[PDB]
Amino acid sequence: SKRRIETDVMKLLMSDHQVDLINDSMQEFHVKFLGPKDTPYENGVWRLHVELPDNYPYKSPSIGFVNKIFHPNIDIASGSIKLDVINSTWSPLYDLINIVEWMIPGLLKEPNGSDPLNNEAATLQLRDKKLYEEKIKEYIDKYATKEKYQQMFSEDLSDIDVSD
Amino acid sequence: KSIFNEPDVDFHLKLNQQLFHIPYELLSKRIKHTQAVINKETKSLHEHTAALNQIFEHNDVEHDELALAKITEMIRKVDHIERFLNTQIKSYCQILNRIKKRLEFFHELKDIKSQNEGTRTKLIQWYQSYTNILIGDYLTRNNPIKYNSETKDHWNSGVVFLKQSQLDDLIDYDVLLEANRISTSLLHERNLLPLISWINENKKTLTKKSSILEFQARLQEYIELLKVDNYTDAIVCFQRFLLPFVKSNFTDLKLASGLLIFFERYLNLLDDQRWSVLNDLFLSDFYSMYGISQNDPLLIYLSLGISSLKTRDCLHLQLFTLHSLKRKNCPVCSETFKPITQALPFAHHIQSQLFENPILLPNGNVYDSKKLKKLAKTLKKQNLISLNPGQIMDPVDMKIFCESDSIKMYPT
Amino acid sequence: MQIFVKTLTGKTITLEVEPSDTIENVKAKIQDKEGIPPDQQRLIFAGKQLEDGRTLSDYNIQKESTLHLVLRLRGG
Amino acid sequence: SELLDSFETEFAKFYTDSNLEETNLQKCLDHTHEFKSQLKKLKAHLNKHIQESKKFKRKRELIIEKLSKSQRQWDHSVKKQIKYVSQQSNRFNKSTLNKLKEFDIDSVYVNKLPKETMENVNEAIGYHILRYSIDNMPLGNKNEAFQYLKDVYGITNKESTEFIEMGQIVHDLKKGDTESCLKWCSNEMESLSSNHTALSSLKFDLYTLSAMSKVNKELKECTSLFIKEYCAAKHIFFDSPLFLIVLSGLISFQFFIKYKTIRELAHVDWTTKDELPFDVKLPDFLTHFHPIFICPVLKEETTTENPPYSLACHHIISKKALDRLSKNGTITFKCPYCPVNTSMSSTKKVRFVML
Ligand SMILES: [Zn+2]
Ligand SMILES: [Zn+2]
């Protein structure tokens, strides 16, 4: 089923989201992403690598971060996102614009420390919730800001009467 | 800030730019002609005043009378040039007024779009005028010209429609008429004379843009001079007009010279499709010269509109019920637009357009609760059918049900 | 006052609510008009999730707003 | 917008006043007129002098000098003015009309209409002209307007007598007489298939107008209501289809131009030929004509060959989607939107119909 993939990619394109295909494959590509305003991830700019399997509607897409982001449920050596909705609670109803605009900010605004993917991030989150913001700002600065995204990616006579 | 999602005024200006491109061409032609003739007349007056000054050298009575005669001639010439300038100014003002009226029209649109039930009606009226302009332009573009026995002025259905609808200044309707006249002369009358006159009038622009139209016209004339055997006239026309084209094209000239006594190289040369190929060349050159759009705008608008609202399910007592359905007023379902509807593609909908509170009946149809109740009340009041209290009736598949057998539905 | 809610699919729903109405009541109304149980149902206004305890008057409304309907998400 | 202001400010330079009455060439005309004036004056002076000659040497020298001094002034002033006209024209063109050539409308024209369907484009135009612009025609009495339409506009479509009668009765109503409209409404009331509430309201409006600044608004309301009621009663289109189609085409223009950019920027392929790729948003009075259902899982319209089916708890999905989720009616599954399991107890093909 390529119709669903094509429609989702077109829906992503027709908005302000910046989408770049790789070798025009139409099943794997990159999407630009901007941090949500309220959270400390406010000025950060990131790039996501997504890959859609051939059986896309009933198989979850593979999404990762090619930049560096600090988060308990997000890897540091890579950007392997891990949350249930994508992994085990995926219904053939969500879309790419939907998935980004709903559950990327959703995961950014609700970390879970029961079984995290980043151990040091979990330890920091459980200990202090005031210097975590300055850390995240810090790491964002060293790895992903606008500049980093730009770099890595006479006499006049008299008068005689006249005839009509 | 659009009312019903309509584009801004700048897009309207960009959308039909021929309306501003054609009057400018007429203005440029007027200015060029005036400049050339007035320079020539100035030179003539200069030589006149040199001769008169020479006449004044000899202080004699006879020479003085000759000088007075020369001054009289000068006055006559200046009166002539004054009349010419008056005519030119009279022609100038009308072409300026055309653009004035178009600008006022679009300014009225902008004023309407800068002020909602009361405002919507004004926009609808403005778009009615817009579609009238488009329809009139289409009708003027392609409709046979009917000659007038009185005043000998050409007229068409588009021209009379524009004159009667008070949209006179918004469409030129005369350069389009000239194009139609020349094109129909080429296609049907086979006259070929108006095209030659047009080429002669507009020879410099054709040479500057290096369009192969004068040579093609002369070649067609030469061929037409051999279908009926007039060998001396054919030879003299060849030597007078076809010769100066040796440098530009030589193989065609050699083939034309070979065509002097009447081999698949000749069916194309004597075929009738050459009349059209001269029409296509002339029309392309004319539209490039004036700026007229290569296609009829109304056709573009229809092509977009038909595919923009074509759905999948769009072609597949009793009288009132049949008229009660709301799917019998689709603008693209009508018997007039059916073949075009079949030709054009479908539409892309990303959301489901439906009604508010659906309920499903045992037969297998989903209706709207409030509308169904209102229909039942209307049927009961006018006595189209007798019903038990607390019952509903479905329009298609004539049947009656109770309110206890309707199941809620949740479209998504 | 009538307010609009936009769902994941895209469908927009208008509904009547009073400033004294609790968010549980809004969830019940959405349950009635959609059929999705209120427990797995969250609202989002100005990028902030809304809790059941607080009522509609706690968050300012201009009598014509655009809430967002959202499902449940959790990491692991 | 701003571009229209640019046109309006650059156009005013053609005239020489704020009232937009006098062009630039009038300077040429006045210069030539003045030139002729002093030519006439100097010739009459020559004659006064000749007749006297039958002191004067200088009197002749002034004439000789002036007669060549005026011609030079006329030449200088005239060439200057026509140059300034030409320079102004070229400046206006370059600075104003070169901002429009970026958009070529002809590039949008794909999926061209077949050449064999011009008999329908010329038939819808006739209907539109009959519906809207019939009052301006000098039709006069009936049975000659037929010849007028057939000879001038070439209109020979079926819905002609109804529109002619409609125009005649509307013109009569415009004079204040309400006998015709009342008789027609009373005649239409007899049948058992007419909208009685609308006819009753129209009769009440006619009664109020018959009893009677305020009249003009009532007259317009009664006229519009009669138009709507008659068009509904005679089974004809209140709004001509061509107008609605053109109004849709405008919006389609606005979105297409954008899609082609996203096409040049990122190269994408749309493999479904019969459906145009992008999406267009239409106003309220141009959408709800047919029931359109978009499947949540496949995001595709629902067709008679792909009927919609209702699950266990009354959600609606496609037919092939239900076949794929529950493979050929073998296993069960839950809704893609709520945790309620579904089996082959799913109801039959649900049919959406607009009431
Ligand atoms: Zn239809
Ligand atoms: Zn369900």
# chains A, B, ... in the order shown; residues from 1 in each chain; ligands from 1

call {"tool": "residues_near_ligand", "arguments": {"ligand": "ligand 1", "cutoff": "8 Å", "atoms": "only C-alpha atoms and all ligand atoms", "output": "number ranges by chain"}}
result
B: 309-311, 313-315, 327-333; D: 289-290

call {"tool": "write_last_selection", "arguments": {"atoms": "C-alpha atoms", "output": "PDB file, in the first residue's frame"}}
result
ATOM      1  CA  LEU B 309     -15.574  19.142  -6.487  1.00  0.00           C
ATOM      2  CA  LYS B 310     -15.887  15.786  -8.272  1.00  0.00           C
ATOM      3  CA  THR B 311     -16.434  13.049  -5.679  1.00  0.00           C
ATOM      4  CA  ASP B 313     -20.234   8.989  -5.480  1.00  0.00           C
ATOM      5  CA  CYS B 314     -20.917  11.757  -7.970  1.00  0.00           C
ATOM      6  CA  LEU B 315     -22.312   9.997 -11.069  1.00  0.00           C
ATOM      7  CA  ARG B 327     -27.772  15.328  -3.618  1.00  0.00           C
ATOM      8  CA  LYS B 328     -29.876  16.478  -6.603  1.00  0.00           C
ATOM      9  CA  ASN B 329     -28.264  19.923  -6.863  1.00  0.00           C
ATOM     10  CA  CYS B 330     -24.619  19.081  -7.561  1.00  0.00           C
ATOM     11  CA  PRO B 331     -23.349  21.591 -10.158  1.00  0.00           C
ATOM     12  CA  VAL B 332     -21.216  18.911 -11.825  1.00  0.00           C
ATOM     13  CA  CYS B 333     -23.893  16.166 -11.914  1.00  0.00           C
TER      14      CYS B 333
ATOM     15  CA  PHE D 289     -23.492  17.994  -1.997  1.00  0.00           C
ATOM     16  CA  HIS D 290     -22.640  14.289  -1.623  1.00  0.00           C
TER      17      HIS D 290
END

call {"tool": "residues_near_ligand", "arguments": {"ligand": "ligand 2", "cutoff": "6 Å", "atoms": "only C-alpha atoms and all ligand atoms", "output": "number ranges by chain"}}
result
D: 313, 315, 335, 338, 340

call {"tool": "write_last_selection", "arguments": {"atoms": "N, CA, C and O atoms", "output": "PDB file, in the first residue's frame"}}
result
ATOM      1  N   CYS D 313     -18.855  -1.832  18.177  1.00  0.00           N
ATOM      2  CA  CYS D 313     -19.364  -0.714  18.961  1.00  0.00           C
ATOM      3  C   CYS D 313     -19.611   0.526  18.105  1.00  0.00           C
ATOM      4  O   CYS D 313     -19.533   1.655  18.595  1.00  0.00           O
ATOM      5  N   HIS D 315     -18.178   2.021  15.324  1.00  0.00           N
ATOM      6  CA  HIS D 315     -17.272   2.809  14.505  1.00  0.00           C
ATOM      7  C   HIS D 315     -17.392   2.310  13.075  1.00  0.00           C
ATOM      8  O   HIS D 315     -17.918   1.227  12.823  1.00  0.00           O
ATOM      9  N   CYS D 335     -11.015  -2.061  17.855  1.00  0.00           N
ATOM     10  CA  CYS D 335     -11.056  -0.861  17.037  1.00  0.00           C
ATOM     11  C   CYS D 335      -9.693  -0.173  17.043  1.00  0.00           C
ATOM     12  O   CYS D 335      -8.963  -0.229  18.035  1.00  0.00           O
ATOM     13  N   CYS D 338     -10.476   2.572  19.969  1.00  0.00           N
ATOM     14  CA  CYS D 338     -10.992   2.316  21.306  1.00  0.00           C
ATOM     15  C   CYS D 338     -10.829   0.833  21.604  1.00  0.00           C
ATOM     16  O   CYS D 338     -10.725   0.021  20.677  1.00  0.00           O
ATOM     17  N   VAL D 340     -12.515  -1.972  22.206  1.00  0.00           N
ATOM     18  CA  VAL D 340     -13.681  -2.843  22.126  1.00  0.00           C
ATOM     19  C   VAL D 340     -13.444  -3.831  20.994  1.00  0.00           C
ATOM     20  O   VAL D 340     -13.286  -3.426  19.837  1.00  0.00           O
TER      21      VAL D 340
END

call {"tool": "select_by_dssp", "arguments": {"residues": "region 11-40 of chain C", "states": "alpha helix (DSSP H)", "output": "ChimeraX atom specification"}}
result
/C:23-34

call {"tool": "write_last_selection", "arguments": {"atoms": "N, CA and C atoms", "output": "CSV table (one decimal), in the first residue's frame"}}
result
chain,number,residue,atom,x,y,z
C,23,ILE,N,-14.2,19.6,34.0
C,23,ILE,CA,-13.6,18.9,32.8
C,23,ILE,C,-14.1,17.5,32.7
C,24,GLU,N,-14.5,16.9,33.8
C,24,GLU,CA,-15.1,15.5,33.7
C,24,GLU,C,-16.4,15.6,32.9
C,25,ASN,N,-17.1,16.7,33.0
C,25,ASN,CA,-18.4,16.9,32.2
C,25,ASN,C,-18.0,17.0,30.8
C,26,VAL,N,-17.0,17.8,30.4
C,26,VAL,CA,-16.6,17.9,29.0
C,26,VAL,C,-16.2,16.5,28.5
C,27,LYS,N,-15.4,15.8,29.3
C,27,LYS,CA,-15.0,14.4,28.8
C,27,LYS,C,-16.3,13.5,28.6
C,28,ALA,N,-17.3,13.6,29.5
C,28,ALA,CA,-18.5,12.9,29.3
C,28,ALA,C,-19.2,13.3,28.0
C,29,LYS,N,-19.3,14.6,27.8
C,29,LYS,CA,-19.9,15.0,26.5
C,29,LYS,C,-19.2,14.5,25.3
C,30,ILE,N,-17.8,14.5,25.3
C,30,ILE,CA,-17.1,14.0,24.2
C,30,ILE,C,-17.3,12.5,24.1
C,31,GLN,N,-17.4,11.8,25.2
C,31,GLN,CA,-17.7,10.4,25.2
C,31,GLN,C,-19.1,10.1,24.5
C,32,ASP,N,-20.1,11.0,24.8
C,32,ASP,CA,-21.4,10.8,24.2
C,32,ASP,C,-21.4,11.0,22.7
C,33,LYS,N,-20.6,12.0,22.3
C,33,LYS,CA,-20.6,12.4,20.9
C,33,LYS,C,-19.6,11.7,20.0
C,34,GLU,N,-18.7,10.9,20.7
C,34,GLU,CA,-17.6,10.1,20.0
C,34,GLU,C,-17.6,8.7,20.3

call {"tool": "closest_atom_pairs", "arguments": {"of": "chain A", "to": "chain D", "cutoff": "7 Å", "atoms": "only C-alpha atoms", "output": "CSV"}}
result
residue,atom,partner,partner_atom,distance
A:4,CA,D:298,CA,6.2
A:6,CA,D:270,CA,7.0
A:20,CA,D:266,CA,6.9
A:24,CA,D:267,CA,6.9
A:91,CA,D:336,CA,5.0
A:92,CA,D:297,CA,5.5
A:93,CA,D:297,CA,5.0
A:160,CA,D:44,CA,6.6
A:162,CA,D:41,CA,6.7

call {"tool": "write_last_selection", "arguments": {"atoms": "C-alpha atoms", "output": "PDB file, in the first residue's frame"}}
result
ATOM      1  CA  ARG A   4      -1.156   5.819   2.462  1.00  0.00           C
ATOM      2  CA  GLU A   6       2.250   9.050  -0.348  1.00  0.00           C
ATOM      3  CA  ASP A  20      14.184  16.042   2.796  1.00  0.00           C
ATOM      4  CA  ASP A  24      14.070  10.102  -3.401  1.00  0.00           C
ATOM      5  CA  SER A  91      -3.108   1.540  15.934  1.00  0.00           C
ATOM      6  CA  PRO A  92      -3.351   1.894  12.132  1.00  0.00           C
ATOM      7  CA  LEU A  93      -4.879   5.349  12.589  1.00  0.00           C
ATOM      8  CA  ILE A 160      -2.393  93.713 -35.615  1.00  0.00           C
ATOM      9  CA  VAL A 162      -6.120  88.584 -37.260  1.00  0.00           C
TER      10      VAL A 162
END

call {"tool": "closest_residue", "arguments": {"among": "A:44, A:72, A:111, A:64", "to": "residue 149 (chain A)", "atoms": "only C-alpha atoms"}}
result
A:44

call {"tool": "atom_distance", "arguments": {"atom1": "CA of residue 292 (chain B)", "atom2": "CA of residue 242 (chain D)"}}
result
23.0 Å

call {"tool": "closest_atom_pairs", "arguments": {"of": "chain A", "to": "chain C", "cutoff": "8 Å", "atoms": "only C-alpha atoms", "output": "JSON lines"}}
result
{"residue": "A:38", "atom": "CA", "partner": "C:47", "partner_atom": "CA", "distance": 7.8}
{"residue": "A:73", "atom": "CA", "partner": "C:75", "partner_atom": "CA", "distance": 6.4}
{"residue": "A:82", "atom": "CA", "partner": "C:75", "partner_atom": "CA", "distance": 6.5}
{"residue": "A:83", "atom": "CA", "partner": "C:75", "partner_atom": "CA", "distance": 4.1}
{"residue": "A:84", "atom": "CA", "partner": "C:75", "partner_atom": "CA", "distance": 5.9}
{"residue": "A:85", "atom": "CA", "partner": "C:73", "partner_atom": "CA", "distance": 6.0}
{"residue": "A:93", "atom": "CA", "partner": "C:9", "partner_atom": "CA", "distance": 7.7}
{"residue": "A:94", "atom": "CA", "partner": "C:8", "partner_atom": "CA", "distance": 7.4}
{"residue": "A:98", "atom": "CA", "partner": "C:8", "partner_atom": "CA", "distance": 6.8}
{"residue": "A:102", "atom": "CA", "partner": "C:70", "partner_atom": "CA", "distance": 8.0}
{"residue": "A:103", "atom": "CA", "partner": "C:73", "partner_atom": "CA", "distance": 7.5}
{"residue": "A:106", "atom": "CA", "partner": "C:73", "partner_atom": "CA", "distance": 7.4}
{"residue": "A:107", "atom": "CA", "partner": "C:75", "partner_atom": "CA", "distance": 7.3}
{"residue": "A:110", "atom": "CA", "partner": "C:74", "partner_atom": "CA", "distance": 7.9}
{"residue": "A:111", "atom": "CA", "partner": "C:75", "partner_atom": "CA", "distance": 7.0}
{"residue": "A:112", "atom": "CA", "partner": "C:75", "partner_atom": "CA", "distance": 5.8}
{"residue": "A:114", "atom": "CA", "partner": "C:76", "partner_atom": "CA", "distance": 7.6}
{"residue": "A:115", "atom": "CA", "partner": "C:76", "partner_atom": "CA", "distance": 5.8}
{"residue": "A:116", "atom": "CA", "partner": "C:76", "partner_atom": "CA", "distance": 6.3}
{"residue": "A:117", "atom": "CA", "partner": "C:76", "partner_atom": "CA", "distance": 7.7}

call {"tool": "write_last_selection", "arguments": {"atoms": "C-alpha atoms", "output": "short mmCIF file (atom, residue, chain, number, x, y, z; two decimals), in the first residue's frame"}}
result
data_model
loop_
_atom_site.label_atom_id
_atom_site.label_comp_id
_atom_site.auth_asym_id
_atom_site.auth_seq_id
_atom_site.Cartn_x
_atom_site.Cartn_y
_atom_site.Cartn_z
CA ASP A 38 6.97 26.19 27.09
CA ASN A 73 13.66 7.81 27.41
CA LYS A 82 11.28 4.48 22.70
CA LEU A 83 7.70 4.88 23.88
CA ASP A 84 4.75 2.47 23.95
CA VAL A 85 2.49 4.28 21.50
CA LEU A 93 -4.88 5.35 12.59
CA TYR A 94 -2.06 7.81 13.34
CA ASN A 98 -0.01 13.37 13.67
CA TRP A 102 1.36 14.93 18.99
CA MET A 103 3.84 12.55 20.56
CA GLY A 106 4.16 14.67 24.35
CA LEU A 107 7.30 12.69 25.15
CA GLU A 110 6.45 13.79 30.22
CA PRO A 111 9.63 11.82 30.99
CA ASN A 112 9.26 8.47 32.74
CA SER A 114 10.47 3.82 36.08
CA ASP A 115 12.61 2.07 33.43
CA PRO A 116 14.58 4.81 31.55
CA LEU A 117 16.91 4.41 28.50
#

call {"tool": "interface_residues", "arguments": {"of": "chain B", "to": "chain A", "cutoff": "12 Å", "atoms": "only C-alpha atoms", "output": "VMD selection string"}}
result
chain B and resid 348 to 350 412

call {"tool": "atom_distance", "arguments": {"atom1": "CA of residue 337 (chain B)", "atom2": "CA of residue 113 (chain D)"}}
result
11.3 Å

call {"tool": "closest_atom_pairs", "arguments": {"of": "chain C", "to": "chain D", "cutoff": "9 Å", "atoms": "only C-alpha atoms", "output": "CSV"}}
result
residue,atom,partner,partner_atom,distance
C:9,CA,D:296,CA,6.9
C:35,CA,D:338,CA,8.3
C:36,CA,D:338,CA,6.0
C:37,CA,D:338,CA,7.7
C:40,CA,D:338,CA,8.6

call {"tool": "interface_residues", "arguments": {"of": "chain B", "to": "chain C", "cutoff": "9 Å", "atoms": "only C-alpha atoms", "output": "list in words"}}
result
residues 350, 351, 352, 357, 409, 410, 411 and 412 of chain B

call {"tool": "decode", "arguments": {"residues": "region 35-71 of chain A", "atoms": "N, CA and C atoms", "output": "PDB file, in the first residue's frame"}}
result
ATOM      1  N   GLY A  35      11.781  22.787  18.890  1.00  0.00           N
ATOM      2  CA  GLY A  35      11.359  22.527  20.244  1.00  0.00           C
ATOM      3  C   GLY A  35      10.103  23.283  20.625  1.00  0.00           C
ATOM      4  N   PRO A  36       9.252  22.658  21.437  1.00  0.00           N
ATOM      5  CA  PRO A  36       8.053  23.350  21.923  1.00  0.00           C
ATOM      6  C   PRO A  36       8.412  24.516  22.830  1.00  0.00           C
ATOM      7  N   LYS A  37       7.538  25.524  22.830  1.00  0.00           N
ATOM      8  CA  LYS A  37       7.871  26.806  23.445  1.00  0.00           C
ATOM      9  C   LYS A  37       8.019  26.695  24.958  1.00  0.00           C
ATOM     10  N   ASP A  38       7.033  26.099  25.631  1.00  0.00           N
ATOM     11  CA  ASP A  38       6.974  26.185  27.089  1.00  0.00           C
ATOM     12  C   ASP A  38       8.130  25.447  27.754  1.00  0.00           C
ATOM     13  N   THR A  39       8.460  24.255  27.266  1.00  0.00           N
ATOM     14  CA  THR A  39       9.448  23.413  27.918  1.00  0.00           C
ATOM     15  C   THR A  39      10.846  24.010  27.752  1.00  0.00           C
ATOM     16  N   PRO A  40      11.800  23.608  28.600  1.00  0.00           N
ATOM     17  CA  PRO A  40      13.191  24.044  28.393  1.00  0.00           C
ATOM     18  C   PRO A  40      13.724  23.763  26.997  1.00  0.00           C
ATOM     19  N   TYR A  41      13.215  22.739  26.314  1.00  0.00           N
ATOM     20  CA  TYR A  41      13.566  22.537  24.914  1.00  0.00           C
ATOM     21  C   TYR A  41      12.867  23.587  24.060  1.00  0.00           C
ATOM     22  N   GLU A  42      13.241  24.856  24.219  1.00  0.00           N
ATOM     23  CA  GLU A  42      12.532  25.958  23.579  1.00  0.00           C
ATOM     24  C   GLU A  42      13.208  26.440  22.302  1.00  0.00           C
ATOM     25  N   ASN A  43      14.513  26.692  22.347  1.00  0.00           N
ATOM     26  CA  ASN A  43      15.247  27.197  21.196  1.00  0.00           C
ATOM     27  C   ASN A  43      15.963  26.104  20.415  1.00  0.00           C
ATOM     28  N   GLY A  44      15.802  24.840  20.802  1.00  0.00           N
ATOM     29  CA  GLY A  44      16.516  23.763  20.136  1.00  0.00           C
ATOM     30  C   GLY A  44      15.898  23.407  18.791  1.00  0.00           C
ATOM     31  N   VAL A  45      16.764  23.082  17.835  1.00  0.00           N
ATOM     32  CA  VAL A  45      16.363  22.655  16.501  1.00  0.00           C
ATOM     33  C   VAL A  45      17.018  21.312  16.228  1.00  0.00           C
ATOM     34  N   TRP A  46      16.229  20.345  15.766  1.00  0.00           N
ATOM     35  CA  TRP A  46      16.712  18.985  15.590  1.00  0.00           C
ATOM     36  C   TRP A  46      16.261  18.429  14.248  1.00  0.00           C
ATOM     37  N   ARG A  47      16.871  17.310  13.873  1.00  0.00           N
ATOM     38  CA  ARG A  47      16.580  16.614  12.630  1.00  0.00           C
ATOM     39  C   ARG A  47      16.248  15.167  12.954  1.00  0.00           C
ATOM     40  N   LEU A  48      15.164  14.657  12.377  1.00  0.00           N
ATOM     41  CA  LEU A  48      14.719  13.293  12.620  1.00  0.00           C
ATOM     42  C   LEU A  48      14.842  12.469  11.350  1.00  0.00           C
ATOM     43  N   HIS A  49      15.364  11.258  11.495  1.00  0.00           N
ATOM     44  CA  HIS A  49      15.420  10.286  10.415  1.00  0.00           C
ATOM     45  C   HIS A  49      14.289   9.289  10.621  1.00  0.00           C
ATOM     46  N   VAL A  50      13.376   9.217   9.655  1.00  0.00           N
ATOM     47  CA  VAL A  50      12.248   8.300   9.736  1.00  0.00           C
ATOM     48  C   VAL A  50      12.318   7.334   8.563  1.00  0.00           C
ATOM     49  N   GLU A  51      11.874   6.106   8.813  1.00  0.00           N
ATOM     50  CA  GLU A  51      11.820   5.061   7.802  1.00  0.00           C
ATOM     51  C   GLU A  51      10.499   4.324   7.942  1.00  0.00           C
ATOM     52  N   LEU A  52       9.760   4.233   6.839  1.00  0.00           N
ATOM     53  CA  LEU A  52       8.434   3.638   6.822  1.00  0.00           C
ATOM     54  C   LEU A  52       8.508   2.261   6.184  1.00  0.00           C
ATOM     55  N   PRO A  53       8.169   1.190   6.894  1.00  0.00           N
ATOM     56  CA  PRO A  53       8.192  -0.139   6.277  1.00  0.00           C
ATOM     57  C   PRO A  53       7.162  -0.255   5.166  1.00  0.00           C
ATOM     58  N   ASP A  54       7.370  -1.254   4.305  1.00  0.00           N
ATOM     59  CA  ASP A  54       6.476  -1.455   3.168  1.00  0.00           C
ATOM     60  C   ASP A  54       5.049  -1.723   3.630  1.00  0.00           C
ATOM     61  N   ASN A  55       4.890  -2.487   4.706  1.00  0.00           N
ATOM     62  CA  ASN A  55       3.582  -2.704   5.321  1.00  0.00           C
ATOM     63  C   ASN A  55       3.294  -1.601   6.342  1.00  0.00           C
ATOM     64  N   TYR A  56       3.307  -0.359   5.850  1.00  0.00           N
ATOM     65  CA  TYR A  56       3.323   0.797   6.746  1.00  0.00           C
ATOM     66  C   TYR A  56       2.102   0.912   7.649  1.00  0.00           C
ATOM     67  N   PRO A  57       0.858   0.830   7.159  1.00  0.00           N
ATOM     68  CA  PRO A  57      -0.277   1.124   8.050  1.00  0.00           C
ATOM     69  C   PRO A  57      -0.339   0.238   9.280  1.00  0.00           C
ATOM     70  N   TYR A  58       0.085  -1.019   9.179  1.00  0.00           N
ATOM     71  CA  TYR A  58      -0.023  -1.963  10.281  1.00  0.00           C
ATOM     72  C   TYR A  58       1.317  -2.263  10.942  1.00  0.00           C
ATOM     73  N   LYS A  59       2.392  -1.602  10.517  1.00  0.00           N
ATOM     74  CA  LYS A  59       3.703  -1.759  11.130  1.00  0.00           C
ATOM     75  C   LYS A  59       4.237  -0.388  11.508  1.00  0.00           C
ATOM     76  N   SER A  60       4.707  -0.259  12.741  1.00  0.00           N
ATOM     77  CA  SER A  60       5.122   1.039  13.247  1.00  0.00           C
ATOM     78  C   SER A  60       6.328   1.560  12.469  1.00  0.00           C
ATOM     79  N   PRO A  61       6.392   2.859  12.197  1.00  0.00           N
ATOM     80  CA  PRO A  61       7.581   3.419  11.552  1.00  0.00           C
ATOM     81  C   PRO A  61       8.754   3.474  12.515  1.00  0.00           C
ATOM     82  N   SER A  62       9.952   3.544  11.944  1.00  0.00           N
ATOM     83  CA  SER A  62      11.179   3.648  12.723  1.00  0.00           C
ATOM     84  C   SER A  62      11.642   5.098  12.709  1.00  0.00           C
ATOM     85  N   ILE A  63      11.671   5.725  13.882  1.00  0.00           N
ATOM     86  CA  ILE A  63      12.003   7.138  14.017  1.00  0.00           C
ATOM     87  C   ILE A  63      13.214   7.271  14.927  1.00  0.00           C
ATOM     88  N   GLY A  64      14.165   8.115  14.529  1.00  0.00           N
ATOM     89  CA  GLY A  64      15.335   8.366  15.342  1.00  0.00           C
ATOM     90  C   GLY A  64      15.792   9.805  15.211  1.00  0.00           C
ATOM     91  N   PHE A  65      16.630  10.213  16.161  1.00  0.00           N
ATOM     92  CA  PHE A  65      17.229  11.543  16.175  1.00  0.00           C
ATOM     93  C   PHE A  65      18.668  11.442  15.687  1.00  0.00           C
ATOM     94  N   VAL A  66      19.005  12.208  14.646  1.00  0.00           N
ATOM     95  CA  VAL A  66      20.385  12.244  14.168  1.00  0.00           C
ATOM     96  C   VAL A  66      21.225  13.285  14.893  1.00  0.00           C
ATOM     97  N   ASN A  67      20.602  14.196  15.632  1.00  0.00           N
ATOM     98  CA  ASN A  67      21.319  15.134  16.479  1.00  0.00           C
ATOM     99  C   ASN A  67      21.466  14.538  17.877  1.00  0.00           C
ATOM    100  N   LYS A  68      21.861  15.361  18.841  1.00  0.00           N
ATOM    101  CA  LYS A  68      22.070  14.926  20.214  1.00  0.00           C
ATOM    102  C   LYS A  68      21.063  15.611  21.127  1.00  0.00           C
ATOM    103  N   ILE A  69      20.328  14.814  21.901  1.00  0.00           N
ATOM    104  CA  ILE A  69      19.315  15.310  22.824  1.00  0.00           C
ATOM    105  C   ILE A  69      19.436  14.551  24.135  1.00  0.00           C
ATOM    106  N   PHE A  70      19.299  15.269  25.246  1.00  0.00           N
ATOM    107  CA  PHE A  70      19.360  14.681  26.576  1.00  0.00           C
ATOM    108  C   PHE A  70      17.943  14.431  27.079  1.00  0.00           C
ATOM    109  N   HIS A  71      17.636  13.172  27.383  1.00  0.00           N
ATOM    110  CA  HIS A  71      16.321  12.775  27.870  1.00  0.00           C
ATOM    111  C   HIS A  71      16.396  11.355  28.418  1.00  0.00           C
TER     112      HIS A  71
END
